[PDB]
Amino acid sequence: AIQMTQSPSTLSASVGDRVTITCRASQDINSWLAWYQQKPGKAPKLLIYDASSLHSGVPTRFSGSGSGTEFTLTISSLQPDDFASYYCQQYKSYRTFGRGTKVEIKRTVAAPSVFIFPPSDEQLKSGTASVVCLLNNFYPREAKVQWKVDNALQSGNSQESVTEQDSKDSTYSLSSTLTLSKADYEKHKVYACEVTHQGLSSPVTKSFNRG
């Protein structure tokens, strides 16, 4: 099949900037390309077809160019309504989609507020302990959450979750949950999540002692 490589993966922009998203086909697709816009939770909306033809009702600030193996979607003056995800679809041989490009709101670097929650006594009665590490209102999205149990680095028993960019302060929040059995939880004393982020000169560590 024809594979669409879309670049960049994530894109930080401000209102009024000139956004350029590129789509690359694995083989020649001539001018048979389409561009879609999709906001989180809603259905995609058609923007461009035939690589350069604007879909009816689409604002004129959208423009499509390119042919062969290189295609470009250009937004002249970005607007708040345009912060979404954009996909390119070829239709030279069946219909294949690109992985998409996310246009996020750019803002100044914001350091996260780090919190840590031990497992509740109600959950421990069930035989499971869940330790929650919270990273509040940071930017950019890139952040590392390192779990340490009695100074031993943990990996393989934690899962993360990132919120969509807040439409007001343009920040992200992250929730990392460490899960042990109650028996394994009572085998250790020191539980810590070490947060490394661009807004932090040194990694911040929040921790508690079991008890």
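The first residue of the shown sequence is 1; numbering continues from there.
Trainee: Do the C-alpha atoms of 18-26 or of 186-194 have the higher average B factor in the entry?
Mentor: The recorded data point to 186-194.
Trainee: Between 123-131 and 86-94, point out the one with the higher average CA B-factor as the PDB entry records it.
Mentor: Between 86-94 and 123-131, it is 123-131 that shows the higher mean C-alpha B-factor.
Trainee: Tell me which of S52, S161, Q146, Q38 tops the list for C-alpha B factor in the record.
Mentor: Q146 has the highest C-alpha B-factor of those listed.
Trainee: Ranking every modelled residue in this chain by its Cα temperature factor as given in the entry, which third contains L178?
Mentor: Middle third - that is where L178 ends up once the chain's C-alpha B-factors are sorted.
Trainee: Against its chain's modelled residues, does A111's Cα B factor rank lowest, middle or highest third?
Mentor: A111: CA B-factor falls in the highest third of its chain.
Trainee: Would you mind checking where the Cα B-factor of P59 ranks among the modelled residues of its chain, as the lowest, middle or highest third?
Mentor: Lowest third of the chain for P59's C-alpha B-factor.
Trainee: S76: which third of its chain by C-alpha temperature factor?
Mentor: Within its chain, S76 is a highest-third residue by C-alpha B-factor, going by the deposited values.
Trainee: Name the third of the chain's ranked CA B-factors that contains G66, choosing lowest, middle or highest.
Mentor: It falls in the middle third of the chain.
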